[PDB]
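Asker: Hey, dropping upload-v9.cif in here, mmCIF, C-alpha atoms (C1' of nucleotides):
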```
data_my_file
#
loop_
_atom_site.group_PDB
_atom_site.id
_atom_site.type_symbol
_atom_site.label_atom_id
_atom_site.label_comp_id
_atom_site.auth_asym_id
_atom_site.auth_seq_id
_atom_site.Cartn_x
_atom_site.Cartn_y
_atom_site.Cartn_z
ATOM 1 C CA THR K 1 -96.682 -49.239 23.861
ATOM 2 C CA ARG K 2 -98.042 -47.154 26.699
ATOM 3 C CA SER K 3 -100.225 -50.025 27.923
ATOM 4 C CA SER K 4 -97.138 -52.163 28.502
ATOM 5 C CA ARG K 5 -95.297 -49.440 30.413
ATOM 6 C CA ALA K 6 -98.188 -49.249 32.873
ATOM 7 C CA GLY K 7 -98.664 -53.020 32.994
ATOM 8 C CA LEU K 8 -102.124 -52.677 31.459
ATOM 9 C CA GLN K 9 -104.181 -54.446 28.825
ATOM 10 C CA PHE K 10 -106.467 -51.571 27.867
ATOM 11 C CA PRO K 11 -105.148 -49.042 25.330
ATOM 12 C CA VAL K 12 -103.669 -45.757 26.480
ATOM 13 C CA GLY K 13 -103.295 -44.236 23.021
ATOM 14 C CA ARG K 14 -106.905 -44.902 22.052
ATOM 15 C CA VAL K 15 -108.235 -43.433 25.291
ATOM 16 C CA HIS K 16 -106.011 -40.375 24.935
ATOM 17 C CA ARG K 17 -107.244 -39.880 21.381
ATOM 18 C CA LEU K 18 -110.877 -40.211 22.462
ATOM 19 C CA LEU K 19 -110.327 -37.686 25.246
ATOM 20 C CA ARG K 20 -108.568 -35.396 22.784
ATOM 21 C CA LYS K 21 -111.273 -35.596 20.119
ATOM 22 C CA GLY K 22 -114.204 -35.484 22.540
ATOM 23 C CA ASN K 23 -114.088 -31.713 23.193
ATOM 24 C CA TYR K 24 -113.458 -32.150 26.902
ATOM 25 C CA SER K 25 -110.565 -29.779 27.647
ATOM 26 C CA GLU K 26 -108.052 -27.605 25.844
ATOM 27 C CA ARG K 27 -105.255 -29.974 26.873
ATOM 28 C CA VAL K 28 -105.173 -33.368 28.560
ATOM 29 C CA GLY K 29 -102.535 -34.384 31.069
ATOM 30 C CA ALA K 30 -100.674 -37.645 30.744
ATOM 31 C CA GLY K 31 -101.808 -39.135 34.044
ATOM 32 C CA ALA K 32 -105.515 -38.951 33.304
ATOM 33 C CA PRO K 33 -105.781 -41.644 30.580
ATOM 34 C CA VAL K 34 -103.682 -44.126 32.551
ATOM 35 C CA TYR K 35 -105.814 -43.669 35.657
ATOM 36 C CA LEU K 36 -109.055 -43.884 33.690
ATOM 37 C CA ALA K 37 -107.917 -46.995 31.821
ATOM 38 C CA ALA K 38 -107.016 -48.616 35.129
ATOM 39 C CA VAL K 39 -110.460 -47.806 36.538
ATOM 40 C CA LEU K 40 -112.226 -49.171 33.469
ATOM 41 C CA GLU K 41 -110.112 -52.321 33.540
ATOM 42 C CA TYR K 42 -110.885 -52.860 37.225
ATOM 43 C CA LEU K 43 -114.613 -52.413 36.684
ATOM 44 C CA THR K 44 -114.748 -54.729 33.691
ATOM 45 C CA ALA K 45 -112.717 -57.313 35.612
ATOM 46 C CA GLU K 46 -115.218 -57.184 38.470
ATOM 47 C CA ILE K 47 -118.157 -57.441 36.075
ATOM 48 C CA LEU K 48 -116.646 -60.373 34.207
ATOM 49 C CA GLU K 49 -115.713 -62.148 37.430
ATOM 50 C CA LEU K 50 -119.259 -62.051 38.747
ATOM 51 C CA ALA K 51 -120.710 -62.905 35.341
ATOM 52 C CA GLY K 52 -118.434 -65.929 35.023
ATOM 53 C CA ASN K 53 -119.459 -67.045 38.493
ATOM 54 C CA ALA K 54 -123.110 -66.632 37.507
ATOM 55 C CA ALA K 55 -122.572 -68.586 34.281
ATOM 56 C CA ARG K 56 -120.832 -71.443 36.084
ATOM 57 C CA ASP K 57 -123.696 -71.425 38.583
ATOM 58 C CA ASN K 58 -125.940 -72.206 35.604
ATOM 59 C CA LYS K 59 -123.334 -74.701 34.334
ATOM 60 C CA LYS K 60 -122.474 -72.768 31.196
ATOM 61 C CA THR K 61 -119.007 -72.044 29.841
ATOM 62 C CA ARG K 62 -120.014 -68.958 27.847
ATOM 63 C CA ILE K 63 -121.423 -65.708 29.214
ATOM 64 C CA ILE K 64 -124.787 -64.587 27.843
ATOM 65 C CA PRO K 65 -126.722 -61.367 28.628
ATOM 66 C CA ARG K 66 -128.746 -63.235 31.250
ATOM 67 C CA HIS K 67 -125.645 -63.797 33.364
ATOM 68 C CA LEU K 68 -124.660 -60.144 33.023
ATOM 69 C CA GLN K 69 -128.105 -59.115 34.231
ATOM 70 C CA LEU K 70 -127.933 -61.524 37.162
ATOM 71 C CA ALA K 71 -124.435 -60.357 38.120
ATOM 72 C CA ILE K 72 -125.465 -56.699 37.949
ATOM 73 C CA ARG K 73 -128.774 -56.946 39.792
ATOM 74 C CA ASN K 74 -127.297 -59.333 42.365
ATOM 75 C CA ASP K 75 -124.383 -57.082 43.387
ATOM 76 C CA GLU K 76 -125.479 -54.192 45.584
ATOM 77 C CA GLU K 77 -122.780 -51.754 44.512
ATOM 78 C CA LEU K 78 -123.052 -52.521 40.812
ATOM 79 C CA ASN K 79 -126.852 -52.512 40.946
ATOM 80 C CA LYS K 80 -126.671 -49.084 42.553
ATOM 81 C CA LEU K 81 -124.223 -47.995 39.866
ATOM 82 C CA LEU K 82 -126.250 -49.432 36.976
ATOM 83 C CA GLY K 83 -129.589 -48.427 38.388
ATOM 84 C CA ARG K 84 -131.181 -46.953 35.271
ATOM 85 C CA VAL K 85 -129.872 -49.238 32.512
ATOM 86 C CA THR K 86 -131.919 -52.002 30.919
ATOM 87 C CA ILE K 87 -130.192 -55.055 29.458
ATOM 88 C CA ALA K 88 -131.736 -56.606 26.366
ATOM 89 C CA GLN K 89 -132.458 -60.303 26.990
ATOM 90 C CA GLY K 90 -131.471 -59.866 30.624
ATOM 91 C CA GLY K 91 -134.826 -60.691 32.117
ATOM 92 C CA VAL K 92 -135.703 -60.089 35.749
ATOM 93 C CA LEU K 93 -134.629 -61.646 39.011
ATOM 94 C CA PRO K 94 -136.946 -64.374 40.360
ATOM 95 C CA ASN K 95 -138.992 -62.591 43.013
ATOM 96 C CA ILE K 96 -142.369 -63.698 44.381
ATOM 97 C "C1'" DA R 1 -121.940 -64.088 3.428
ATOM 98 C "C1'" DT R 2 -119.862 -64.611 6.997
ATOM 99 C "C1'" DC R 3 -115.333 -66.230 8.602
ATOM 100 C "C1'" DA R 4 -110.139 -67.125 8.125
ATOM 101 C "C1'" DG R 5 -105.780 -65.701 6.052
ATOM 102 C "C1'" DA R 6 -102.201 -62.700 3.087
ATOM 103 C "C1'" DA R 7 -100.541 -57.857 2.063
ATOM 104 C "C1'" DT R 8 -99.980 -53.261 3.237
ATOM 105 C "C1'" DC R 9 -100.822 -48.607 5.096
ATOM 106 C "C1'" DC R 10 -102.100 -45.478 8.659
ATOM 107 C "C1'" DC R 11 -102.275 -44.609 13.342
ATOM 108 C "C1'" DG R 12 -99.882 -45.413 17.771
ATOM 109 C "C1'" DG R 13 -95.312 -44.628 19.312
ATOM 110 C "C1'" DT R 14 -90.595 -42.242 19.149
ATOM 111 C "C1'" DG R 15 -88.144 -37.994 18.421
ATOM 112 C "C1'" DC R 16 -87.674 -33.315 18.836
ATOM 113 C "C1'" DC R 17 -89.439 -28.341 19.308
ATOM 114 C "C1'" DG R 18 -92.303 -24.223 21.816
ATOM 115 C "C1'" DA R 19 -95.346 -21.669 24.401
ATOM 116 C "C1'" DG R 20 -98.121 -21.145 28.224
ATOM 117 C "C1'" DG R 21 -101.057 -23.093 32.130
ATOM 118 C "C1'" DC R 22 -100.511 -23.667 36.279
ATOM 119 C "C1'" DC R 23 -97.595 -24.323 40.471
ATOM 120 C "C1'" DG R 24 -95.654 -21.381 44.020
ATOM 121 C "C1'" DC R 25 -95.085 -17.654 47.033
ATOM 122 C "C1'" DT R 26 -96.582 -13.580 49.175
ATOM 123 C "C1'" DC R 27 -100.128 -10.250 50.531
ATOM 124 C "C1'" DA R 28 -104.678 -8.532 51.564
ATOM 125 C "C1'" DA R 29 -108.812 -8.416 54.361
ATOM 126 C "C1'" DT R 30 -113.517 -10.423 54.450
ATOM 127 C "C1'" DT R 31 -116.141 -13.291 56.792
ATOM 128 C "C1'" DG R 32 -116.556 -17.195 59.552
ATOM 129 C "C1'" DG R 33 -116.114 -18.836 64.121
ATOM 130 C "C1'" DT R 34 -116.499 -17.649 69.007
ATOM 131 C "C1'" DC R 35 -118.461 -16.037 72.903
ATOM 132 C "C1'" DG R 36 -121.916 -13.425 75.982
ATOM 133 C "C1'" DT R 37 -126.096 -11.226 77.473
ATOM 134 C "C1'" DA R 38 -131.153 -10.623 77.261
ATOM 135 C "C1'" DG R 39 -136.078 -11.825 75.540
ATOM 136 C "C1'" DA R 40 -139.729 -14.561 74.775
ATOM 137 C "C1'" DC R 41 -142.045 -17.529 71.639
ATOM 138 C "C1'" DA R 42 -141.656 -22.209 70.989
ATOM 139 C "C1'" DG R 43 -141.160 -26.772 72.820
ATOM 140 C "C1'" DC R 44 -142.618 -29.841 76.223
ATOM 141 C "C1'" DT R 45 -145.022 -32.560 79.882
ATOM 142 C "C1'" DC R 46 -149.319 -33.900 80.782
ATOM 143 C "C1'" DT R 47 -154.153 -34.619 80.893
ATOM 144 C "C1'" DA R 48 -158.308 -36.032 78.522
ATOM 145 C "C1'" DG R 49 -161.282 -37.690 75.179
ATOM 146 C "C1'" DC R 50 -162.856 -39.642 70.805
ATOM 147 C "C1'" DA R 51 -162.417 -41.120 66.133
ATOM 148 C "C1'" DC R 52 -160.197 -44.013 63.341
ATOM 149 C "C1'" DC R 53 -157.707 -48.107 62.480
ATOM 150 C "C1'" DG R 54 -158.033 -52.875 62.769
ATOM 151 C "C1'" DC R 55 -160.277 -57.261 63.309
ATOM 152 C "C1'" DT R 56 -164.396 -59.933 62.258
ATOM 153 C "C1'" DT R 57 -168.696 -61.228 59.517
ATOM 154 C "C1'" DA R 58 -171.201 -61.431 55.217
ATOM 155 C "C1'" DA R 59 -172.259 -60.970 50.205
ATOM 156 C "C1'" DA R 60 -171.228 -61.488 45.556
ATOM 157 C "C1'" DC R 61 -169.431 -61.059 41.471
ATOM 158 C "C1'" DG R 62 -166.147 -61.094 38.592
ATOM 159 C "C1'" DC R 63 -161.487 -63.293 37.668
ATOM 160 C "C1'" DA R 64 -159.369 -67.771 36.928
ATOM 161 C "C1'" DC R 65 -159.772 -72.456 35.202
ATOM 162 C "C1'" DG R 66 -161.746 -74.757 31.581
ATOM 163 C "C1'" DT R 67 -163.790 -76.167 26.895
ATOM 164 C "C1'" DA R 68 -165.330 -74.258 22.437
ATOM 165 C "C1'" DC R 69 -164.541 -71.117 18.669
ATOM 166 C "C1'" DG R 70 -161.881 -67.039 16.022
ATOM 167 C "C1'" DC R 71 -158.427 -64.775 12.775
ATOM 168 C "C1'" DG R 72 -154.067 -62.409 9.602
ATOM 169 C "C1'" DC R 73 -149.432 -64.950 8.923
ATOM 170 C "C1'" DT R 74 -148.750 -68.530 5.910
ATOM 171 C "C1'" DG R 75 -150.892 -72.372 2.070
ATOM 172 C "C1'" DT R 76 -154.086 -73.403 -2.605
ATOM 173 C "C1'" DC R 77 -156.742 -71.502 -6.570
ATOM 174 C "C1'" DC R 78 -156.833 -68.128 -10.556
ATOM 175 C "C1'" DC R 79 -156.880 -63.062 -13.211
ATOM 176 C "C1'" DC R 80 -153.628 -61.392 -15.811
ATOM 177 C "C1'" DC R 81 -149.833 -60.963 -19.220
ATOM 178 C "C1'" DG R 82 -146.031 -61.447 -23.009
ATOM 179 C "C1'" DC R 83 -145.423 -64.020 -26.439
ATOM 180 C "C1'" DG R 84 -145.959 -67.632 -29.777
ATOM 181 C "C1'" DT R 85 -148.196 -69.443 -34.153
ATOM 182 C "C1'" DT R 86 -152.166 -68.728 -36.560
ATOM 183 C "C1'" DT R 87 -155.891 -66.644 -39.428
ATOM 184 C "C1'" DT R 88 -157.103 -63.344 -42.596
ATOM 185 C "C1'" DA R 89 -156.366 -59.855 -46.138
ATOM 186 C "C1'" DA R 90 -154.675 -56.955 -50.385
ATOM 187 C "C1'" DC R 91 -151.715 -57.496 -53.693
ATOM 188 C "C1'" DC R 92 -148.652 -58.864 -57.944
ATOM 189 C "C1'" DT R 93 -147.487 -61.680 -61.722
ATOM 190 C "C1'" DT R 94 -148.022 -64.342 -65.886
ATOM 191 C "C1'" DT R 95 -150.195 -66.083 -69.971
ATOM 192 C "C1'" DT R 96 -154.042 -66.776 -73.321
ATOM 193 C "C1'" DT R 97 -153.779 -72.723 -80.965
ATOM 194 C "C1'" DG R 98 -150.846 -73.641 -85.439
ATOM 195 C "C1'" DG R 99 -149.260 -72.250 -90.117
#
```
Kindly return the structure encoded in the file as structure tokens.

Answerer:
Amino acid sequence: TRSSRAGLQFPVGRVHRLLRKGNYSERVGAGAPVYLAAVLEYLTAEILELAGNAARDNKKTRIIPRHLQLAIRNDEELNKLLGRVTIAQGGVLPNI
DNA sequence: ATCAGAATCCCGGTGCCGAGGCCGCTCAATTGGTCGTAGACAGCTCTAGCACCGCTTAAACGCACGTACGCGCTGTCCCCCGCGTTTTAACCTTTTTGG
């Protein structure tokens, strides 16, 4: 599989097919889906790292939307990235 | 009815084939940088004054804190219905002594 060749866990074939069927360009090079999969995997790893930290901070072993909201709004770079999104059941940060 | 497990089929991966998109080189010449001189309106330094921001006092009145009462999403009382057995009716049948 093309994920194994790149040492990845995200799919390369699926992403290539979505880029192909998304009406983005006439043709798609072979180095774009690998790079994009790597970026997405890095970003999800960062998100899940901070959300797991936030869930342990609450002494829970399973991540809920509240911990995702806390991880997002507590990280400056992520909170700047996800500045317009609202998370259902995410709540708000404690701020008086 | 969702969740876990068995069977298979279709979509990701291998194989091979073609055509062109784009990399590369080379050439043109526009425009962007670079400087220099001259002019003068704009910036600036400063002075001076006052008006507006900020602190302080007062008033009150209208939100919060609190106890008493209100209301449409959920608990009791009943208008409505299909269906049962019943009540009521028009009808048919049979026979009218013995010798």

Asker: Which is closest to chain R among K:6, K:12, K:47, K:38, if we use all atoms listed in the file?

Answerer: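 Looking only at the distances to chain R, the closest residue turns out to be K:12.
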
Asker: Evaluate the PyMOL selection byres ((chain K) within 9 of (chain R)) here and jot the selected residues down as a list in words.

Answerer: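 This file gives the following for the PyMOL selection byres ((chain K) within 9 of (chain R)): residues 1, 2, 13 and 14 of chain K.
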
Asker: Taking all listed atoms of segment 83-87 of chain R, build the axis-aligned box, pad each of the six sides by 6 Å, then write its centre and edge lengths in Å to one decimal as JSON.

Answerer:
```
{"center_x": -150.7, "center_y": -66.7, "center_z": -32.9, "size_x": 22.5, "size_y": 17.4, "size_z": 25.0}
```

Asker: Excluding residue 32 of chain K and any residue of its chain fewer than 5 positions from it, enumerate the residues within 12 Å of it, using all atoms listed in the file, and give them as a list in words.

Answerer: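 Final neighbour list, sorted by chain and number: residues 12, 13, 15, 16, 19, 20, 25, 27, 37, 38 and 39 of chain K.
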
Asker: Go ahead and compute the interatomic distance for atom CA of residue 78 of chain K and atom CA of residue 8 of chain K, in Å to one decimal.

Answerer: 22.9 Å

Asker: Give me the residues within 6 Å of residue 90 of chain K as a ChimeraX atom specification, counting all atoms listed in the file and dropping any in the same chain fewer than 4 places off.

Answerer: /K:65-66,69

Asker: Could you pull out every residue with an atom within 12 Å of (-125.5, -59.6, 40.4), file coordinates, counting only C-alpha atoms (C1' of nucleotides), and send them as number ranges by chain?

Answerer: K: 46-55, 65-82, 90, 92-93

Asker: How many Å lie between atom CA of residue 21 of chain K and atom CA of residue 36 of chain K, rounded to one decimal?

Answerer: 16.1 Å

Asker: I'd like the interatomic distance between atom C1' of residue 3 of chain R and atom CA of residue 60 of chain K, to a tenth of an Å.

Answerer: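 Rounded to one decimal, the two atoms are 24.6 Å apart.
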